[PDB]
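Okay, here we've got a single chain as structure tokens, the form deposited in one PDB entry, with questions on binding and movement later.
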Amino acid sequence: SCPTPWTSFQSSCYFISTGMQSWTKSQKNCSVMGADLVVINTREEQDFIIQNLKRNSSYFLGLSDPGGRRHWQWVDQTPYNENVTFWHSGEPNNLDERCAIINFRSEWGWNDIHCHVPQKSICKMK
């Protein structure tokens, strides 16, 4: 028992978002409805979601890499300390963001993508 267009599974209500938007905008869209981009915790959950998708479509999941700092490691395993470093002006290079989508291939699975391309999306709410 969820709001009209939503579908229920166990503790959660699920929304399949028909519009195509960036990851951030898709997240904001779930947010106003009291939700988040979908978090998939179990195989049964994934299987439930698959039942609700169209094979001709591709959807942002609430799974991403916010980029920023690279995980610099010393070659022997000496821990890394941002204060004992001598990076030149405007250095190092930052790591680009990355977002995950789910779609149907040649079956159903996830894929990493640039965050700002528009995709459909899935909102989840307990």
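Start at 1 and count along the sequence shown; that's the residue number. Shifts are known only where both forms have a C-alpha. If you superpose the two forms and keep the largest set of C-alpha atoms that fall within 1.5 Å, you have the rigid core.
What comes next is about the form deposited in another entry, which is not displayed.
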Mover between the shown form and the other one (rigid core aligned, C-alpha >= 2 Å shift), picked from 52, 31, 81, 42, is 81
message = Given a superposition on the rigid core, I'd like a yes or no on whether residue 65 shifts its C-alpha by 2 Å or more between the shown form and the other one.
response = no
One pair moves by 3 angstroms or more in that other deposited form: the C-alpha atoms of residue 67 and residue 93, which are farther
Per-residue Cα shift of 2 Å or more between the shown form and the other one after core superposition, grouped into runs of 3+, gives 68-97
